[PDB]
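The chain below stands alone, shown as structure tokens; this is the form deposited in one PDB entry.
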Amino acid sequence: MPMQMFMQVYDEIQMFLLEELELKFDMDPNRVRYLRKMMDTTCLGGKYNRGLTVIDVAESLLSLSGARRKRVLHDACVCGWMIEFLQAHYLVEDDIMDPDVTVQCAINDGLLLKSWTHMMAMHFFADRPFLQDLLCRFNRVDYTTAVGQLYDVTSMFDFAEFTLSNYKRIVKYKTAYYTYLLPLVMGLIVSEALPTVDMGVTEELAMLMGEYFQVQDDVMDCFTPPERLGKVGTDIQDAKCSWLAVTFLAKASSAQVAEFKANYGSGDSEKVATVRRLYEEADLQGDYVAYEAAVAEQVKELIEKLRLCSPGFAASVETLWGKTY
């Protein structure tokens, strides 16, 4: 029922965006169908975990607080697609990083997806009292992610920033603010329950779940094979500031660091194999299990602290925590 409603609102959002281009933007049907195929290619495909979280938060607050129910659940789907659309916007900008007409259309697709988030927000929420407050928080979170992508890309151009605290800063700005905080806030805004929750504990629960997911995603990037992971692990070649790197540099000898600095960030499949060997000679996967368990306990405890002031909110957070755990 939630997913069935989510894809139905996608038809409602896509119809408005394309018809507006046909009627009020003087666009020919050829480019209109071109944008339909482009929208479905970029927005549809993933698991929609960021969007469906907004719905799960909204349905918990209306029943754990008749015509008002249909409005909030509809606003949640529009807010959920705002994230999925902006998620596709960043993914299109990633394909560029990896008279040419296929690159010009790629940049244009990224600008349109970003613009469509404002169009659907200024439309379905034109009469909502939170349109001005939602767009401001939505922009700063988009600003935060662009800043976080600067922390991550320039993590080796200025090993001085290979610290567990800087790793927290990257995951916080690059990932945690858009995955584990943004959908929770948009669920409280459509339900008109934003000031009725502990934002400090909500923020604290957001960064910890991002730390839990990013660390697990770094171990799978290095150890899970490409057929079981679904992608080719390139964090070692890209010299990324992963959890495996900052943990290795702390418990490695002065030689294992020198052998690490001479083999890290190289495309040689044998140097990367020498880096994976050092990661296992350091028993990092042993520390990986205990590290996630420590963060997992902090998640379970902070859910109870937010439960004393927001009972129905914690039920949705436990569901979001169950997705990563």
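Numbering starts at 1 and runs along the sequence shown.
Although not depicted, the form solved in complex with a small molecule is the subject of the following passage.
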message = How about residue 247 - does it come within 4.5 Å of the small molecule in the deposited complex, if we only consider non-hydrogen atoms?
response = no
task = Evaluate residue 162 for contact with the small molecule in the deposited complex, applying a 4.5 angstroms cut-off between non-hydrogen atoms, and reply yes or no.
result = no
request  = Answer with yes or no whether residue 49 is in contact with the small molecule in the deposited complex, where contact means some heavy atom within 4.5 Å.
outcome  = yes
ask   = At the 4.5 Å heavy atom threshold, is residue 191 in contact with the small molecule in the deposited complex?
value = no
Partner-facing stretch of 124-132, 178-186, 249-257, 69-77, counted where any non-hydrogen atom is within 4.5 angstroms of the small molecule in the deposited complex = 178-186
